[PDB]
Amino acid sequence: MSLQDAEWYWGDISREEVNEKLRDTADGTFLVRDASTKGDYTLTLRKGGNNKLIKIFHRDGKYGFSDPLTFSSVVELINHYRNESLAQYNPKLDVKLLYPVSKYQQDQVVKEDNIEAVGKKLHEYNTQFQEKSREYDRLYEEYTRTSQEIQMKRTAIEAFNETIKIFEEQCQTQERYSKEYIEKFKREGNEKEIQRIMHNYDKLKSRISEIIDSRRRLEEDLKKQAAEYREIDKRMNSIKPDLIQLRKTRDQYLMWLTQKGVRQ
């Protein structure tokens, strides 16, 4: 049959469109398109998680991957290797053309024949896409801001921990040096000097209690902000799949509109 009516023939699509149509596909998935030079035919085959390009040369109405060009039509060349392996041609490629990417399923998204109907629907989709795009970009800002402030708070908490260790080292230092002097003043009857040491110790303990409580309040803030990060992260992991599909539906309605209108 004609190559235009064949499903796996896509005409003038780029290597990038093929990559997306073959992204994460199983070995054996294939499609045929025109040459980027624009043999005028390139076969793309999925094998080993890669996209292998196989050029289809054309000499005097004869086709083939290499000369001698045995086949007379790209359809007969494709169907033959759809039923036999590619190892007979090149041993590195040991697979067959099994799963075809059809232009039939691409036409199933758009469900309106009228050009005014596709255009009206395109405007709806493109409107929704910009709405969800601006929504996503706002969530991303909150995501970045929250992630940064969480890192700031955690570093500050590390600083609180080291500060408290230093102030607690002071208490031990004062305890060591005192007692020896506290005992001497007790025999020396200088009770006023005992109170000055005791008062300075109470001044150190209260400052320590305040620093500890500043760290506790910061830890409570970190607990609340960490929960807000998880919620933002969830709301983004949910709109990301929807934004992709919405953009692709928008792009297909653009494709339908271009192919249905005058071209150069």
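Numbering starts at 1 and runs along the sequence shown. So that the term is clear: the rigid core is the largest set of C-alpha atoms that superpose within 1.5 Å between two forms.
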Notebook entry, point to check: After fitting on the rigid core, which stretch moves more in 8 other deposited structures of this protein, 111-119 or 189-197, going by C-alpha RMS?
Noted result: 111-119
Next item on the list: Superpose on the core, then say which of 180-188 and 157-165 ends up with the larger RMS Cα offset from this form in 8 other deposited structures of this protein.
Entry: 180-188
Next item on the list: Can you check if, in at least a third of the other PDB entries compared, residue 38 has no modelled coordinates?
Entry: yes
Item checked: Chain break class for residue 38 to residue 39, judged by how many deposited residues have no coordinates -> 1 to 3
Item checked: Stretch with the higher entry mean CA B-factor, where the candidates are 29-37 and 216-224 -> 29-37
Notebook entry, point to check: Given the B-factors recorded for C-alpha atoms, which segment has the greater mean, 126-134 or 82-90?
Noted result: 82-90
Next item on the list: Could you check 98, 152, 159, 166 and tell me which one carries the biggest Cα B-factor in the deposited entry?
Entry: 98
Notebook entry, point to check: If you check the C-alpha B-factor for each of 176, 103, 145, 120 in the entry, which is highest?
Noted result: 103
Check: Of the three thirds of its chain by CA temperature factor, lowest, middle or highest, which one includes residue 229?
Finding: lowest
Note to self: Test of reading the entry: by CA B factor among the chain's modelled residues, which third contains residue 206?
What the structure shows: lowest
Check: By its CA B factor, does residue 194 count among the lowest, middle or highest third of the modelled residues in the chain?
Finding: middle
Next item on the list: Determine, from the deposited record, the chain-internal third of the Cα B-factor for residue 139: lowest, middle or highest.
Entry: lowest
